[PDB]
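Q: Experimental structure and sequence below, a few questions after.
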Amino acid sequence: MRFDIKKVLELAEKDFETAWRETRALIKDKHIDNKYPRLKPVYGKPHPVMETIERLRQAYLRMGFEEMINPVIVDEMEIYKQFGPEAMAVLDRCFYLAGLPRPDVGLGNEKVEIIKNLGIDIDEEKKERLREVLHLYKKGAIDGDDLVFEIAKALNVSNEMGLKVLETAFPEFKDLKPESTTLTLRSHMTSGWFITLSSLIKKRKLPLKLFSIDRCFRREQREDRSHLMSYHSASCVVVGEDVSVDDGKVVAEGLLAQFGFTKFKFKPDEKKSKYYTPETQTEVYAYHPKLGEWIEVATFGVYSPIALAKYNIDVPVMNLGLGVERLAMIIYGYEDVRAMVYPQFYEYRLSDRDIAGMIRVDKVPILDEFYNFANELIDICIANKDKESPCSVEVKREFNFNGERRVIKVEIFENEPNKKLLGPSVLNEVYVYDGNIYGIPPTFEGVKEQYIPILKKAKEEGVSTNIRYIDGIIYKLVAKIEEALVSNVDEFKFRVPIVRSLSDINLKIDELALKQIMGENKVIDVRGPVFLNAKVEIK
Amino acid sequence: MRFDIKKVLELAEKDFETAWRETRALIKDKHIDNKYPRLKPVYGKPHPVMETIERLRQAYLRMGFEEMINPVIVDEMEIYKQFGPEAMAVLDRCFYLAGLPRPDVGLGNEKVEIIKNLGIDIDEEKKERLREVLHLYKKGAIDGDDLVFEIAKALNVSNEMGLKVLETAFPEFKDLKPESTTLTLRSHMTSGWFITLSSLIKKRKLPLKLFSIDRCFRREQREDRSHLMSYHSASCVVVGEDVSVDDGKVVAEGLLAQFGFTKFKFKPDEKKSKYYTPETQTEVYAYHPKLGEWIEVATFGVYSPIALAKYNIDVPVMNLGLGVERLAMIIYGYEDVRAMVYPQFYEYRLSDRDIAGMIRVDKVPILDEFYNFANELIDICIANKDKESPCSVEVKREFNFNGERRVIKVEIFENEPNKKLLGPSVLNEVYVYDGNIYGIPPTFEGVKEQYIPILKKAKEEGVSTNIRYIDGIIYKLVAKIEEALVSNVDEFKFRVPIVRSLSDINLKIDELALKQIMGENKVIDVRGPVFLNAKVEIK
Amino acid sequence: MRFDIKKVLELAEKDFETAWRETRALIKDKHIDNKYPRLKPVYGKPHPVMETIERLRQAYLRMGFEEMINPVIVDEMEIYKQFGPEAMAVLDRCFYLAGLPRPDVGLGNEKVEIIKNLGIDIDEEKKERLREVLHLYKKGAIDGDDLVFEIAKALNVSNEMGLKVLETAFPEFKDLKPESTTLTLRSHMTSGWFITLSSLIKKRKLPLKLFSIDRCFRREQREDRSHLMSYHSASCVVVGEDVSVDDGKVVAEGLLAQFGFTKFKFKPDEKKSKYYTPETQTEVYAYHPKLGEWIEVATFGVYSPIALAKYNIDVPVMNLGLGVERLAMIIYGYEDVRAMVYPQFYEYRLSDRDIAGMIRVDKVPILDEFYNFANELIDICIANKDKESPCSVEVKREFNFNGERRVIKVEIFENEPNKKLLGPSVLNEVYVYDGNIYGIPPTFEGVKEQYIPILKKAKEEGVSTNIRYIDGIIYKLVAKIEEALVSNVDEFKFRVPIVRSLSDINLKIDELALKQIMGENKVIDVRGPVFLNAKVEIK
Ligand SMILES: Nc1ncnc2c1ncn2[C@@H]1O[C@H](COP(=O)(O)OP(=O)(O)OP(=O)(O)O)[C@@H](O)[C@H]1O
Ligand SMILES: Nc1ncnc2c1ncn2[C@@H]1O[C@H](COP(=O)(O)OP(=O)(O)OP(=O)(O)O)[C@@H](O)[C@H]1O
Ligand SMILES: Nc1ncnc2c1ncn2[C@@H]1O[C@H](COP(=O)(O)OP(=O)(O)OP(=O)(O)O)[C@@H](O)[C@H]1O
């Protein structure tokens, strides 16, 4: 359990130094299962696009901007107001919203028969209750969520039978086709900004500095290295009598400065979109190092007095919109938005450490007694690994299991002469380097010489499992002692000659790590002569 | 400018205390324009829904959850996979995505004539360049953004003439009607979670704890006190062999605990939506104090082995989705999501302080010389406000304007006997309380007695402008001296008898504050006898 | 073992509804150990003072202020520079810094003797090596950290014996007494601001807005509800040719506004500390609702031209310092800073939920087989609890343990007439309410009527363990079957007459929760007649 405070204090007062040294034994090492690097840290991991969104919220807030949420869904005529006649072309880029009608369907008599053939007992009453539920669904008074519930309730059947009725008796529901409206999703924040400002200016003291960082949707040819069907705009508007394009320049500098950028460039936007005053629509470029090229991070301009007029705004307004995903690409060094935004549809490679922590000890003794017995036994072997043969090393110990004592005589030996007790590889340690697994000896005596610079490099740069051959071997041995005791076996022999695989030293690897090791076509080279012979007797 | 370090140090070393007291004069008070409360703080203001989103990101991250972004747009068949046959009803709630076709239109000859009648010179070459631009637009190779540019480029005309051509020659663009697809917007995070997990499970080590806080869209009957067409889901999934509904209970407790909630309640969801294992769909309620009632903050459950199977997932998965806007309503005490999310479409009331800072001094002298002259003059009047009449107070001072000196004799007097120099109201101070503006005297001597408890309360609880009648009056007087000097006027009289309005003491109020003061039907009661007579001579 | 995707898809495709209902069995319930509320959420918990510090950094950053770190340690003469002669009094509140000298000690034969008697073999060489280590320590070239190491290294002894030599041969090290210096810890940020500003003004463009939120130290008579020896100042300075107190007023308003405060008060500071221009030192008050009284959150003023002059600053400077702990007290509703700041030295009460999650099931079967057997058995009893006596319920089941079959006949009975199989309390459920534990029946027939409103209240407001008597009872029974099999026992009887304690239904409570249950003088009332007789035979 825990340790004796009194005994520790007394031992320490007799002689502090001995006590400090000796008292280390009161601190147990962890179960082999849970030693580093098999012990992994757990922490929450943010998404780059969303951390960039928060950092942008704060870059705007720290410039005095007031945070807003604008309408997402806007009528097409809003886009005609802002873009003018150009909207008959620009509206190609916007998603229209469409939706299913309600079905007008009735009950009886063929349907009544279907429902009866389902095993349902229907009154006239039940038939009317359901006739009403269907009416209400036609008239829009019941949600789709709720229709299985209401049917079930109507006929007094199970929920699932409600669904059964729905799909069996009324399959014409499947013939509903979505019909489009005049409503669209905003393709940039502006489509909302006008609506928000039109209502807001008259109520507020100018100048206004507003911002919103929120989703926008474009209907594009395809998705790109730098384009998605849905993106995030880090948009703002500055409203005031004296506003000009320079305000956009200053907002772009202030946003980018806070992210570390010292160099960006402005460049006229050939499009000259009509919601912007002529010759004010400006592109902002920042440098993407991994791509080598300059990338468009933002766009700004001053709204056209014509659009502003159509929204009852009589004062100039500067707009700036920065694409969150672009900035994020630069920040985190991604070269493909699709792979940055949705990394789940791509691959998750395991590092040397990841793999080193997926290498586990197979059989280990379950009982504390024998686990410690194992550790001690390991240290014993490591102490006599060089005994000159013929050798033997006995360990007799008594274990008490309630009433009965059993005495375990584990003996590990070497009959044949001119040998040593254990062999050149018993202390080999399993490393992982560059996707490879190597069981490496502490010194390269007798190692083939092409191999040595590789193993030296893995031993230097790679990640260790901190498991030696001897460790897994002995845990296997003592686990076999436990196994023996519950199996009514009094004697057995156990031997590890030349080690050829992970299995041979009682280790295994998580299948996910194997799949990669193979897939990347790398090696698991665990090998060595480890001639360990043991006999155990259980009296 | 700035002050003399040497002179200050010397004055201080002669006698520290006198020096510390006297040296206060080296610190100028601010221009009356910029004194508190006319001086307002400026800081960025977060939006409650977005601060709640960040706090939720961190509540999830602090539980070890991994942040994700899921597809927003999903095919309808995804919903059939998750919801089963019920999707023929549930899909009513989802928005379908629709979009405009490209137009197939050609050039010539009537269009060629329109273009010519526009003032454009068209070659055969220009005609072919544009015929190609229109082809490419048909074939989807030119964006809507870019079409005015390309037309303009084709015909070598101005940008705007490009647009002119577009809308005049090809108005059939306006006849494009949006045609619907099979693509929908997700109505809750699950519709994305399945897609994400289906691809992600095989690549990753279980258990997984994922989360995303992102927009969802529902097609509802109407928007409510608690329902919007677009909302934010604070969703998560826990994936593992041993996952059960209890995981949802623990996620809901852990999310709500971090926000301060000590009391929430669970309740079965009658819907029993089919993407959830039977009898696991659970509602989470938390208490909204301003509304008095319990409100639904979240929903969770365990996905159905049938849906999981249709996505190649063979291990149970718990889903929880919390509505950000609901939680926000509880947190910030709003009772109407529409008013919380989009407060720009509602009203912005001005506090007592807001109004007190929108009360400005009208005329003030522009020249430093005369501004200080004014301040001194004010203090002079405040010193002789009780001189027994007949009174007079002269102030002769010489001002130098490059070459020429002028000597200003400002005299403020009181001819008639049994009076005092100034009158009972000269030190009245303008306060704002409960939407009202009151000019209040320092003591209630002679004040009508119904009024006294009101004015006492305004003076106690209200916000002061820190402007007294005498202040605005004298700034007006000296401003008139300046005015005089540039107007070639050597003499004038200036008098303030009984004060009746803000104007009478040289103040005015920002129109936005007036509009409210009137709208709320409150008063501006600035009144008092302040009999100040002055003559000024400029020699 | 996960579930069969193919079998599921096929079952679902035969009949979706049956399959949806039936596949619930593929979602295994959690081990009783890990069911809610024993399953707790785990998340990181911020400290109120530090969370307030961060929110304050952001309130300052959002006003355009530039964040700084100022010297913490400052010479006393700095304080004389700022405070003038008043510093001969003010310096009482400041901590002086002191430190102990290096010892001058030599070796020589009396010590050499001690070291030998310690068991250490000392050469002349070792003696000289250690003589140098002691020299270098006198001359300041060895850190205290490092001295035990160096000593050991010198004598070629263990680390611990290096320490032994140190404490045994040179115990005069203990006679070192701390000598004070002229260095002090800052008692407010100002003591650093001057230093910082003195260096910074010449290098920068005015106006400057700086802020720092960092520790300050005071020597107070004692610590208060509102005073600690060390506190955090959220300080700032505004530097510019035109600053006055009004800048302090807007900074205080802007700081407090962002925290939700609409209400604060200014009040002259009687002290008129000499580092502030006369009559500018201002106190800021905010309302602490729980304390009922107004509390001092901040102080501001304009530095004295004398102090600024002694630092070569020729331009006015407004300083404001808000005490973080005060603001935190208001925000989180603490009434005692010492208890808010250092809550570990105070008490941690367990909520009802906390205690309900510390009630554990004692004995539960280890083998999956018998665990499920147990659940099945529970449901069987719950199904036959009302069988009229004489009753019996047999459950014969055969279990396979590698080679051998064993057949377990569990028989649950009631021989005596006029009774039922189980008894009125068998389905009682354990609740926690207001610090009490109650085992409560689903219905109140036969309950003494004094008790009923209490138990009704606990059942409504309290927190359930979601464990019924029958649950723990049967888990105990089957656990005993397991014990039997391992113990070579083929028959036993098992009976639960009247329930009197938690132990009687195989439950126990965590020691920490009991300590409180007792300390707070509350009850653990679980009792009921639950007459369950069972016989078990193992063939
Ligand atoms: N599909 C998209 N994905 C991500 N970000 C986008 C997308 N479309 C536009 N943006 C962002 O919005 C801003 C304005 O878009 P704009 O159309 O002006 O330039 P573009 O990159 O040529 O886009 P398009 O392909 O629509 O012409 C850009 O700075 C970019 O940051
Ligand atoms: N229109 C909406 N606006 C805001 N939040 C919503 C909206 N619809 C659903 N939510 C959130 O998603 C969760 C699940 O919605 P669910 O449909 O299960 O319940 P509901 O409130 O009855 O919605 P509905 O009206 O669609 O039936 C709720 O906790 C709520 O937080
Ligand atoms: N010991 C302290 N603990 C916590 N905060 C303090 C302490 N001393 C001062 N503060 C903070 O610093 C500001 C200035 O302190 P000041 O000494 O002017 O007032 P005070 O509360 O009377 O302090 P004291 O009584 O220690 O002189 C206060 O607003 C308070 O917020």
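A: Received the coordinates, thanks. Numbering: from 1, shown residues only, chains lettered A, B, ... in the order given. Ligands and ions are numbered 1, 2, ... in the order given.
Q: what's the single longest helix in chain A?
A: As assigned by DSSP state H, the longest helix anywhere in chain A is helix A:469-487.
Q: what does the helix or strand following that one rub up against?
A: Next along the chain after helix A:469-487, taking DSSP states H and E as the criterion, comes strand A:491-499. By CB atoms under 8 Å, 6 or more residues apart in numbering or on different chains, the residues outside strand A:491-499 that reach it are A:425, A:439, A:469, A:473, A:476-477, A:480, A:484, A:504-505, A:526-538. Heads up, the C-betas are built off the backbone N, CA and C, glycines and all.
Q: need the residues of chain A near ligand 2, please.
A: By the rule CB under 6 Å from any ligand atom, the part of chain A lying against ligand 2 is A:143, A:145.
Q: let's see 8 Å
A: By CB under 8 Å from any ligand atom, the residues of chain A that approach ligand 2 are A:143, A:145, A:146.
Q: and the last one, how many neighbours?
A: Residue neighbour count, defined by other CB atoms under 10 Å in any protein chain shown, stands at 19 for residue A:146.
Q: Spatially, what comes nearest to it if we skip its sequence neighbours?
A: Distances taken as CB to CB, 6 or more residues apart in numbering or on different chains place residue B:271 nearest to residue A:146, at 6.3 Å, with adjacent residues excluded.
Q: Which one of the residues in the stretch 51-200 of chain A is closest to ligand 3?
A: Going by CB to the nearest ligand atom, ligand 3 is nearest to residue A:62 of the stretch 51-200 of chain A, at 25.2 Å.
Q: mind listing what the residue of chain A found nearest ligand 2 touches?
A: Residue nearest to ligand 2 within chain A (CB to the nearest ligand atom): residue A:145, separated by 4.6 Å. Residues near residue A:145 by CB under 8 Å, 6+ apart: B:90, B:93, B:271, B:273.
Q: ok so it is a helix residue?
A: No: looking at residue A:145 with DSSP: H, G, I helix; E, B strand; the rest coil, it is coil, so not inside a helix.
Q: Would you mind measuring from it to residue B:295?
A: To residue B:295, residue A:145 is 18 Å away according to CB to CB, to the nearest Å.
Q: Next, the spatially closest residue to residue A:176 that is not a sequence neighbour: phi, psi?
A: Nearest non-adjacent residue to residue A:176, counting by CB to CB, 6+ apart: residue A:100, 4.6 Å away. Dihedral pair for residue A:100: phi -80, psi 140, per degrees, to the nearest 10.
Q: give me every residue that touches residue A:100.
A: Residue A:100 makes contact with A:176, A:177, A:178, A:179, B:91, B:92, B:96, according to CB under 8 Å, 6+ apart.
Q: Now distance to ligand 3 and neighbour count too, for those residues, in a markdown table please.
A: Below are those laid out as a markdown table (distance: CB to the nearest ligand atom, whole Å; neighbours: other CB atoms under 10 Å in any protein chain shown):
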| residue | distance to ligand 3 | neighbour count |
| --- | --- | --- |
| A:176 | 66 | 16 |
| A:177 | 68 | 9 |
| A:178 | 62 | 24 |
| A:179 | 65 | 13 |
| B:91 | 60 | 23 |
| B:92 | 59 | 23 |
| B:96 | 59 | 24 |
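Q: just to revisit the earlier point, Three-state assignment for the residue nearest to residue A:146, please.
A: Using three-state DSSP, the structure places residue B:271 in coil.
Q: what number of residues lie near it?
A: Residue B:271: 19 surrounding residues under other CB under 10 Å.
Q: how near is it to residue B:280?
A: From residue B:271 across to residue B:280, the span is 12 Å (CB to CB).
Q: of the contacts of strand A:491-499, list those near ligand 1.
A: Contacts with ligand 1 within the contacts of strand A:491-499, counted by CB under 8 Å from any ligand atom: none were found.
Q: how many other residues sit next to the residue nearest to residue A:388 when sequence neighbours are not counted?
A: Ranked by CB to CB, 6+ apart and with sequence neighbours excluded, the top spatial neighbour of residue A:388 is residue A:420, at 6.3 Å. Close neighbours of residue A:420, defined as other CB under 10 Å, add up to 16.
Q: Could you do residue A:97 as well?
A: 25.
Q: check contacts around it.
A: Residue A:97 sits in contact with A:73, A:180, A:181, A:183, A:184, A:185, B:95, B:96, B:97, B:98, where contact means CB under 8 Å, 6+ apart.
Q: Now with 10 Å, please.
A: When contacts are counted by CB atoms under 10 Å, 6 or more residues apart in numbering or on different chains, residue A:97 touches A:73-75, A:178, A:180-185, B:95-98, B:178, B:180, B:185, B:217, B:219, B:229.
Q: and the contacts of residue A:100 as CSV, adding secondary structure?
A: Shown next, in CSV, are the contacts of residue A:100 (three-state DSSP):
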residue, secondary structure
A:176, coil
A:177, coil
A:178, coil
A:179, strand
B:91, coil
B:92, coil
B:96, strand
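Q: Quickly check these for the two that are furthest apart.
A: A:179 and B:91 (13.3 Å; CB to CB).
Q: quick one: common contacting residues for the two?
A: A:99, A:100.
Q: Can you list the buried residues in stretch A:291-300?
A: By neighbour count on 16 or more other CB atoms under 10 Å in any protein chain shown, the buried set for stretch A:291-300 is A:291, A:295, A:297, A:298, A:299, A:300.
Q: For the second one, what is the enclosing helix or strand?
A: So the one you mean is residue A:295. strand A:294-302.
Q: Smallest gap between chain A and ligand 1, at which residue?
A: residue A:323 (2.2 Å).
Q: Now that residue: closest residue in space, sequence neighbours ignored.
A: Leaving aside its sequence neighbours, residue A:323 sits nearest to residue A:231 (CB to CB, 6+ apart; 5.9 Å).
Q: re the thing from before, is the residue of chain A closest to ligand 1 in a bridge, and if so with what?
A: Beta bridges link residue A:323 to residue A:233, judged by DSSP bridges.
Q: would you list every one of the helices in the stretch 301-450 of chain A?
A: For the stretch 301-450 of chain A, the helices defined by DSSP state H, counting those that start in this stretch cover A:305-309, A:324-332, A:337-341, A:352-356, A:368-383.
Q: how about the residue of chain A most remote from its centre, what does it touch?
A: Of all residues in chain A, residue A:417 has its C-alpha farthest from the mean position, at 57.1 Å, by CA atoms, centre = their mean. Shown in contact with residue A:417 (CB under 10 Å, 6+ apart): A:388, A:389, A:390, A:391.
Q: so can I have a markdown table of those residues showing distance to residue B:306 and neighbour count?
A: Converted to a markdown table, the contacts of residue A:417 look like this (distance: CB to CB, whole Å; neighbours: other CB atoms under 10 Å in any protein chain shown):
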| residue | distance to residue B:306 | neighbour count |
| --- | --- | --- |
| A:388 | 69 | 11 |
| A:389 | 65 | 16 |
| A:390 | 67 | 13 |
| A:391 | 64 | 20 |
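Q: Of all pairs in those, which one spans the longest distance?
A: Pairwise distances across the contacts of residue A:417 peak at 8.4 Å for A:388 and A:390 (criterion: CB to CB).
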